[PDB]
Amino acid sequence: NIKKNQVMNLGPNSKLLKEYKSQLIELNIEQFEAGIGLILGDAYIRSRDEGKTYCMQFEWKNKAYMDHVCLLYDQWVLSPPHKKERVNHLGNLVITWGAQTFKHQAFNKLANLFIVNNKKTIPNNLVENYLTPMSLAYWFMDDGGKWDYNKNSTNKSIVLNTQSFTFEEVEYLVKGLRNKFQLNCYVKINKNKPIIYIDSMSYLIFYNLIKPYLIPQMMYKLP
């Protein structure tokens, strides 16, 4: 049995690396469920071959969250996060962190739920059949935000920024969320694009569901 330690620095097309990879078969329950929320939120699952293998690429401003996701996918992530320092078209420095897993057939199970012709889509029962409290918690740390950011406000309404999805797609998600978690949420608009509004009346319900998984440095997103 080869250990990550032994291959995390060898060339990409390295034999020992591939041997290490062959030792891995599937993603554990945690990596799968969290992945459903990550793909619905800020992650990117792609294939460079023709759907034979997929890998996941990450990028966030918050490094702690980044480190937390890498640890989650430890076995599939050979390197530490990498600082990316870029300059705007406004001459400003923008700092973020990047990371990725290597490609592996283990990721095909996640990818085939969303990808179709290398194009991302949300299927009609994704929520009902795969979205768990853990998935939802990650989807929240990703796309999640407050409805009212004003100070001293008591509004407990949550928002999921799903601006890249179609209205049909957002409808599948909303149906699943309402039926499965009794959440009182629905579609609203932002920059002419669909977002999911969760009424403050469902806050406590929403919170108890994702509480077990949000990390401390992400708590600031809650009301």
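In case it trips you up, residue 1 is the first one in the sequence shown, and so on. Rigid core: the largest C-alpha set superposing within 1.5 Å between the two forms.
After a core fit, the C-alpha atoms in 4 other deposited structures of this protein lie farther on average from the shown form in one of 135-143 and 118-126, namely 118-126. Each structure in 4 other deposited structures of this protein is fitted to the shown form on the rigid core, and of 109-117 and 75-83 the C-alphas lie farther away on average for 109-117. Stretches compared: 83-91, 148-156. Higher mean C-alpha B-factor in the entry: 148-156. Here 136-144 and 122-130 are compared by their mean Cα B-factor, and 122-130 comes out higher. For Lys52, the recorded CA B-factor ranks within the highest third of the chain. Only modelled residues enter the ranking. Remark: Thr101 belongs to the lowest third of its chain, ranked by C-alpha B-factor as recorded.
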